[PDB]
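Residue numbers (PDB author numbering), protein chains in the order written: chain T, 2 to 93; chain 4, 1 to 44; chain Y, 1 to 60. To start, the structure itself, in structure tokens.
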RNA sequence: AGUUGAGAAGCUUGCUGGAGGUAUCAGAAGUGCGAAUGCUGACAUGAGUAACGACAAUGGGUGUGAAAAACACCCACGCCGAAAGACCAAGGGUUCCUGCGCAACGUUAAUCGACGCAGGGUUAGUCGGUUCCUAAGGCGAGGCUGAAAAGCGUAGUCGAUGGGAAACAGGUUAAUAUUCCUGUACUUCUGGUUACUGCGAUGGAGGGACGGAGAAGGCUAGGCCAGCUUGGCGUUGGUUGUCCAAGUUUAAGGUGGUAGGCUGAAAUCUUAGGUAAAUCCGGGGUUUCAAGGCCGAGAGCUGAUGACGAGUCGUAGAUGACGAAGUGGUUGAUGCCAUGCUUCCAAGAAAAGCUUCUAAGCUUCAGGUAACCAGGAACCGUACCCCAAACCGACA
RNA sequence: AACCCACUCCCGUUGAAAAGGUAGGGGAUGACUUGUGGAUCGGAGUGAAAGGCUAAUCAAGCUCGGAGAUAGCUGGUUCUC
RNA sequence: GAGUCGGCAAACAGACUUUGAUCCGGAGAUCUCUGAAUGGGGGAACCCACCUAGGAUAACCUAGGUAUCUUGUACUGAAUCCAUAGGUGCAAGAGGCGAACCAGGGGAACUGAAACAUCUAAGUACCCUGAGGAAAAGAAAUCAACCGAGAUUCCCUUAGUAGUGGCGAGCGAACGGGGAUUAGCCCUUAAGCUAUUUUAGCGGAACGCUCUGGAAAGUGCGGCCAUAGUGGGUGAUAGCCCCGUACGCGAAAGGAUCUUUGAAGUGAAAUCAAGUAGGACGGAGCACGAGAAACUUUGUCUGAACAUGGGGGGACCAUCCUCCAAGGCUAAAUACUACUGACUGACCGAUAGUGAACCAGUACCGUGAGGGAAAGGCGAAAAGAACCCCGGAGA
């Protein structure tokens, strides 16, 4: 679609294991949409950052659960994709 | 020793699940009765 | 507004307009994930602006 | 507190309290508790008494801190070692890791925690699922049966604890790896290309495809010994030694077709059978030849000139670079060949992928045959516990 | 011996445990033990038969209705004269 | 019509002023996956898909479609010559849920009888199937006595009476009176017809000084309003401070109710009656337990007269009276409340009133069906305690 490219990416994730990852290798961690395949985020990186990427891996995260008075609180859960680029073209 | 409850998720859903209760005619009356009391769950 | 958009532009011209502010929605979701977004009024504004142009297309 | 009546009870005042109260006389009653082994909250006696959850033992030091029998590090003692160690399946559901804390919890104290608050953390064509096929069993169009609900069941489509393609070695992390990284592999599919060419079913055949016990073997993992490198020279009596300590590693896949097992083979005509057909299988006839052919661990060669390696050298505490020896003889399994072999009665799963046959269709483009570059392999689960303080027993 | 079972003694009985423990016992290639998945249910199942088991309940479960069942039987029944 | 960003609750960021910003009412557009769930399956919130027309790069995306049964309607065509079964294509409808109410199908036991088998309890509980906003029932083969009454449904009497009953426990009518309501018509089948209110709003009258007090609505002292004076709430007791209270206007737009009105059903709108009446064993319903047992019913077996006939008047028979059975259609009085809205209380006041004033069918207890709690209050207003001293930098 014309759309659906501007939906599947919700930004970076940068932290201690993602900062050291993008420096020693070329792998960038994006907090992707809640249900997206490995093809349609291969296209939304080549369209929104103009770089060529070899392969993409993903995983699902379960939301952590809080226990307080007057309820249990299930936080929101979310997918996460490690984008392994070419050795050139580190992205922005 | 062996207590009278050994758990499993495959035996629990096929006996007390929703698609088990909804299949018969008594079980659809178990659903309406337990719903109209106002319970949060309906499928234990 | 809505009275502006009913001035004819077209099916195509307003259909081009949607792919413009999806960019502006994308950039505001990237800056929020990083550290640099102070104008939080802008972020809840383009949600109410994509909804207008979808209304004036599913009706005329 | 005073005072008044035979009594139920009335009346006036001191302090607390901070916004409602009811002469009089009539009505309407959920109209008066000490007791029902009465009901629900509070608090006593027992009583600062019994116990503090296996009789696998701990003793010093240094540290932190408001405070150490219990926390961390050090030194020395003990205990399990077919588990008190590792790992898969259930089951659980963030208990895993790091900062910040110690009121509550933990049968004591706590600076400690599976405990509070805040961040972090699970990467797959090949490992398990889903997808393909089925066992018991379930549901079941049409159909029979039944006061009504409904019951049983044919086509059919669900249901694994079974059957169906393919990967191993080393590095990395506060926390993940057969998933990332380097290294060498394997399988299946699609798009072109090229050289051609009888394609076709869910229907026939073949195969997949299996019992108990027993014994011959053949290997292999592993374990020791002996060499060989690097280091050592002492327990005080002895010990340059025929001494002492440590290390002597390496995969899947390639090539190979052995130990060993099963098996007649080939031609050529013909045919009451394979519910149609068949060039396939079955049966029959002749002839030639000794048998093919099909399975199959493992050895050797290669993967590997490489990795790994005690160490050494360059805040050298953490790291960066270098790195010697890497071999022979024996003893081996309940582990693989073996879904084999022999024997015994209690006579030992189905179905699909796989190979071949043809029917209708055939337009013989399509479809198939190899060869070839070109690309792809989706989605779920991956943390931690798992003879346990995380699962079943109200509990650490 | 693992493994399944429960013959004896003592300890325990407010237990560590609403049925164990430490010592000794019986079977241990079969009328065996066991993992996963299914089938049989309330005057009804299953049973090498004891009236045994069917979610710590069984000479006929558990739960909600008839139902505030019936009790010549126990217990209690509240301010004055 | 000048403030605003929902509630349990702070600091950021900003939108419009005098109007369309919040905010209230009407109409539309979107409407993920589950669920009758309906493309095929499933462990509910999951997996695998096809078909058609389009777009898209060895990997897809749009847009619709695709369940079974009834009816109809085409096409199609087995043994079988014909031609039915059967198979496809299309159209229309249904399926599920909901507290009570109504009519049918099936239908207990405890308990009463101071035991207990007939009988009661009781055609009650419960379980199925239908339909409606109500249903059913209804227009004389009916009742009365020689007088007459003219559909049904519901309340009050006859009357706890005649009867019935191991003549026990008990169960119990009608005739006749009084009221509510006030229509009768006929062929699904000889030959059929079956103009007001309502969801949003707006105007809405009349008070001043003086004391005490933290604070006046209270003590004083006067005046005014009234088709609105026992309301709420404002720092304590307010007709006149604030919101409201009696009458009118309505309303772009929908809704409903009476009308014209449109089709069609609502349906004004023609006869009639064969395995029928009766009969014989076996049962039910009639207040009526084989009783001298009439009458209605229907499981088995039978069977008429043609409205010169027929059947009723509580065994039966003659005489008199009164009605036309074997085909249909119907309003009103009536029953009910899961859902609303006003109002009202010799109702409750957090061990009461809903199980539930509080984040309650929650926590917890169970393999399940199921059971099922405890929990209100600072002040008029957060003005919710800056600062100092002891303490572990706390409590």
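C-beta: ideal position from N, C-alpha, C; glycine also.
Given a cut-off of 9 angstroms on the beta-carbon distance, is the pair residue 56 (chain Y) and residue 14 (chain Y) in contact? Inclusion of residue 56 (chain Y) and residue 14 (chain Y) in the CB contact set at 9 angstroms is warranted, their separation being smaller than that value.
Length of the line joining the Cα atoms of residue 23 (chain 4) and residue 37 (chain 4): Rounded to the nearest angstrom, the two C-alpha atoms are 21 angstroms apart.
Quick check: is the beta carbon of residue 11 (chain T) nearer than 9 angstroms to any beta carbon in chain Y? It does; some Cβ of chain Y falls within 9 angstroms.
Comparing C-alpha positions only, which one of 61 (chain T), 14 (chain T), 20 (chain T) and 47 (chain T) sits nearest to residue 35 (chain T)? Taking only the C-alpha atoms, the option nearest residue 35 (chain T) is 61 (chain T).
Residue 18 (chain 4) vs residue 43 (chain 4) beta-carbon contact at 9 angstroms: Result yes, Cβ atoms of residue 18 (chain 4) and residue 43 (chain 4) sit closer than 9 angstroms.
Counting along the chain, where does the alpha helix (DSSP H) carrying residue 25 (chain 4) start and finish? Annotation: residue 25 (chain 4) is outside any alpha helix (DSSP H) and is labelled neither H nor E by DSSP.
Contact check, residue 28 (chain Y) vs residue 43 (chain Y), beta carbons under 9 angstroms: Yes, these two residues count as a Cβ contact at 9 angstroms.
Applying the 10 Å Cβ sphere with the 16-neighbour rule, what's the burial state of residue 45 (chain T)? Burial state of residue 45 (chain T) is buried, judged by a 10 Å Cβ sphere holding 16 or more other Cβ atoms.
Could you tell me if residue 51 (chain Y) is buried or exposed, where buried requires 16 or more neighbouring beta carbons within 10 angstroms of its beta carbon? It is exposed - the Cβ of residue 51 (chain Y) has fewer than 16 other Cβ atoms within 10 Å.
Is the beta carbon of residue 49 (chain T) closer than 9 angstroms to that of residue 33 (chain T)? Not a contact, by the Cβ cut-off of 9 angstroms.
Near-chain T residues of the segment 20-53 of chain Y (beta-carbon distance less than 8 angstroms), N- to C-terminal order: Within the segment 20-53 of chain Y, the residues whose Cβ lies closer than 8 angstroms to some Cβ of chain T are 22, 23, 25, 26, 29, 30, 32, 33 and 34, listed in chain order.
Quick one: complete alpha helix (DSSP H) runs, 4+ long, within the segment 38-89 of chain T? Within the segment 38-89 of chain T, the complete alpha helix (DSSP H) runs of at least 4 residues are 44-47.
Flag residue 17 (chain T) as yes if its beta-carbon sits less than 9 angstroms from any beta-carbon of chain Y, otherwise no. Using a Cβ-Cβ cut-off of 9 angstroms, residue 17 (chain T) does not count as an interface residue toward chain Y, since no Cβ of chain Y sits closer than that to its own.
Under 9 angstroms between C-beta atoms, does residue 49 (chain T) make it to chain Y? Chain Y, which has a Cβ nearer than 9 angstroms to the Cβ of residue 49 (chain T), makes this yes.
Which of helix, strand or coil DSSP assigns to residue 37 (chain 4): Three-state result, residue 37 (chain 4): helix.
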